[PDB]
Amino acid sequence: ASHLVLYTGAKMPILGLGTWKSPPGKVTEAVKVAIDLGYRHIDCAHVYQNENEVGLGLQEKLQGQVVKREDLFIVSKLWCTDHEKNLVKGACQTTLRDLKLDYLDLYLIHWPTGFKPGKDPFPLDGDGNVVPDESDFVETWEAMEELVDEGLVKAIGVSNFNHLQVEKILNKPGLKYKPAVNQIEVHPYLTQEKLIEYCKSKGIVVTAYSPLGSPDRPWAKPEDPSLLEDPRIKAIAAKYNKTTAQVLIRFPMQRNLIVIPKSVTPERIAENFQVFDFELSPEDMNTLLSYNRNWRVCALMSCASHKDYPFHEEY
């Protein structure tokens, strides 16, 4: 519809602004423009290194009475070097101060993999492998639970977790709050029909990230598949009087999933918002779902050997 409901009752905006790779000196204005066009959901993370700049845009719009804190849905995430129980609260407070907020609407464990603690976000060894830590994400979750108890966050969830890892939390003895969301990569080349189905059956909302394939990702190579430049999608896109992107955003929304496309360009930030006026054909929906080639543009290959790497499993 226009929003989905988490198992806690909270209404979560079906659409949101993504901020990974949004330069600090451009993200403040992108947030400002979005809050002005109608966006009420902003997706952030400590590891993006721009939460401070994101916090300024929110502060200015909240101070100008343009938007009420309670109509805003702000999400952030706990980074891998902060999985150790005693390190979780600090990381949450840091993100809170940087964004200039009293609480978060949703706080997610970024990846199931914990890295050796430190200032370096990706601590590698001589072989270019990321160094892991001595923690399990089940103990990290218990600390995420305290956050709710103290009112620092309204809800907690996971990101890039496989159905077996989620199950590990769902069956944790002494479990207080279960995950409300699972943010995962979902685009035509990776429709995730199985993980979504598993999540839904458990009452967990699914947020789809990189809905456009993330053509601006660092590792993207000249010979890399392109979702925005695919004749087929452009075809269904043309017959709708919309753009490839506008349809790529409607697709995950029609499947009952939350989407968070990213753009620091005001014109696209508005076009990304022009997707609540139309609909896709039950067949058009099927044509897209069929392009699934299990191709993830985000597989953290440097973590492939981590005991908790999530992508060795089917789903």
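One rule holds for the numbers: they count along the sequence shown, beginning at 1.
- Between 20-28 and 288-296, it is 288-296 that carries the larger average Cα temperature factor according to the deposited entry.
- Per-stretch averaging of Cα B factors for 276-284 and 50-58 places 276-284 on top.
- In the deposited coordinates, the residue among 237, 75, 143, 180 with the greatest CA B-factor is 237.
- Across the residues 114, 126, 157, 203, the deposited record lists the maximum Cα B factor for 126.
- Residue 105: CA B factor lies in the lowest third for its chain, per the PDB record.
- The PDB entry assigns residue 151 a C-alpha temperature factor belonging to the lowest third of its chain's modelled residues.
- Residue-level temperature factors show residue 6 in the lowest third of its chain, judged at the C-alpha atom.
- When the modelled residues of the chain are ordered by their C-alpha B factor, residue 122 lands in the middle third.
- Among all modelled residues in this chain, the alpha-carbon of residue 170 has a temperature factor (C-alpha) in the lowest third.
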